[PDB]
Amino acid sequence: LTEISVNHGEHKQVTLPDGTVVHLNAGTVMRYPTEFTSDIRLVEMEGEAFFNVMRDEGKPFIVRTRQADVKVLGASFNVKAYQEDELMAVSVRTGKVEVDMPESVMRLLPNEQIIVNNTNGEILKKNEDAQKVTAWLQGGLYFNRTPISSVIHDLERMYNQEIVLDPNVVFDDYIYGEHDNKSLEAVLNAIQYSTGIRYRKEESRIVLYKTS
Ligand SMILES: [Mg+2]
């Protein structure tokens, strides 16, 4: 078994022993064997990774996360499952994907997604543009009615910058937009434009707030 991790502000790309390509986003850990010797190709992951799985009908590939197993024969898909986040999501780019959870099994096709809420156990299957979901691969951000708390975790991880919400302010906002390789400052300005949320820098801390 080997394990790789990705620091905040970084990515990694790895090719697995079966030829599967995995792109790992900031803050992610993945554990995999140097050889797939069993009847399944199993990896364990916490964080976010995009898998382009080499087709082997004879040997399913399983991405095992705390919340779910994602099982394919040959497919490309994103798994966003940061242990610190309120949401986990699996989004299919190509092929067919099975998501196995304790009390739910669902099959997904391209541009379908499952969102699991880690805090209240809700499970939502819906449509979503997987090309936008996976914009992170090219340094993009994509928000589609994304809760501000989740946005902030994405920003912290992307930019390697601590960002906290003013505890005396209500942050009930949902964020929309696509940002292509923007500065943190620019992304925060765009949020300000959309929500009124302001930001100020402190000793190694950005604090978000509101006024009026
Ligand atoms: Mg992490």
Side-chain angles (χ1 to χ4, degrees), residues 1-8 11-12 14 16 20-33 36 38 40-53 59-130 132-137 141-158 174-175:
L1 275 168
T2 195
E3 186 170 305
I4 59 185
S5 76
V6 187
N7 294 326
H8 292 162
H11 292 168
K12 295 289 181 57
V14 67
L16 296 176
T20 290
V21 175
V22 187
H23 288 77
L24 294 87
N25 202 3
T28 303
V29 189
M30 179 175 71
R31 205 173 291 115
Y32 60 96
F36 288 125
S38 65
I40 59 166
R41 293 174 286 164
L42 177 71
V43 308
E44 289 179 346
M45 189 268 295
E46 182 275 305
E48 177 172 35
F50 182 71
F51 297 83
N52 186 344
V53 177
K59 213 169 164 183
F61 190 100
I62 298 180
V63 175
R64 175 156 295 158
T65 73
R66 185 187 62 86
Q67 298 100 327
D69 284 347
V70 180
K71 185 175 187 295
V72 308
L73 306 181
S76 69
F77 56 97
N78 201 76
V79 181
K80 186 178 180 170
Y82 288 98
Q83 70 187 359
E84 67 265 27
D85 286 6
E86 67 167 46
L87 307 172
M88 175 267 192
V90 177
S91 309
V92 182
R93 183 93 172 82
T94 69
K96 295 186 186 186
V97 174
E98 182 174 302
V99 181
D100 300 319
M101 292 154 291
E103 296 298 319
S104 172
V105 172
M106 305 185 80
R107 292 195 292 210
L108 293 175
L109 296 171
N111 306 316
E112 299 191 320
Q113 173 180 75
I114 287 163
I115 304 181
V116 172
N117 190 311
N118 295 317
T119 72
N120 66 17
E122 288 183 1
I123 303 169
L124 175 58
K125 182 256 168 190
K126 63 176 299 195
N127 296 320
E128 182 58 89
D129 185 334
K132 294 183 183 314
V133 171
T134 60
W136 72 262
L137 300 170
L141 294 167
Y142 171 53
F143 308 126
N144 180 22
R145 202 170 193 283
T146 303
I148 186 60
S149 47
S150 299
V151 166
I152 288 168
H153 281 209
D154 290 346
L155 300 183
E156 293 185 292
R157 289 190 291 255
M158 175 164 287
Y174 294 110
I175 308 299

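One-based numbering along the sequence shown. The figures here come from the full heavy-atom set of this structure, side chains too, leaving out hydrogens, waters and symmetry mates.
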Check for a donor-acceptor pair, side chain of [X] on one end and backbone N or O of [Y] on the other, with a separation under 3.5 Å.
X	Y	result
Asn120	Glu122	yes
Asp100	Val105	no
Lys12	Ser5	yes
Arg41	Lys59	yes

Item to check | Full working for side-chain contact (heavy atoms from CB on, under 4.5 Å) between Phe77 and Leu108 | outcome: CA-CA 10 Å; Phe77 56 97; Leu108 293 175; over 6 Å; no
Expected list for residues 142-151: side-chain donor-acceptor pairs under 3.5 angstrom, two or more places apart:
from   : atom 1 : to     : atom 2 : distance (Å)
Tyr142 : OH     : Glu128 : OE2    : 2.6
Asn144 : ND2    : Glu128 : OE1    : 2.9
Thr146 : OG1    : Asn144 : N      : 3.1

Got [X] and [Y] here, is their nearest side-chain heavy-atom distance under 4.5 Å?
X	Y	value
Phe51	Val70	no
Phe36	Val43	yes
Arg107	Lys125	no
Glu112	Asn127	yes

Checklist entry - Counting only heavy atoms not in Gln83, do more than 12 fall under 6.0 Å of its CD? => result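 Open.
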Side-chain donor-acceptor contacts of residues 87-94 below 3.5 Å, not counting sequence neighbours, with atom names and distances?
from  : atom 1 : to     : atom 2 : distance (Å)
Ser91 : OG     : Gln113 : NE2    : 2.9
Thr94 : OG1    : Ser76  : N      : 3.2
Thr94 : OG1    : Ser76  : OG     : 2.7

Checklist entry - Yes or no on side-chain contact (heavy atoms from CB on, under 4.5 Å) for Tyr82 and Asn25, after CA distance, side-chain angles and deciding distance? => result CA-CA 10 Å; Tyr82 288 98; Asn25 202 3; 3.4 Å; yes
Checklist entry - Between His23 and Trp136, what is the ring plane arrangement, given parallel below 30°, perpendicular above 60°, and tilted in between? => result perpendicular
Checklist entry - Charged N to carboxylate O under 4.0 angstrom, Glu44 versus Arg64? => result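 Between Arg64 and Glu44 there is no salt bridge, as every charged N stays at least 4.0 Å from the carboxylate O atoms.
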Next on the checklist: Which residues pass the ring-ring contact (aromatic ring centres under 6.0 Å, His included) test with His8, not counting sequence neighbours?
Outcome noted: none
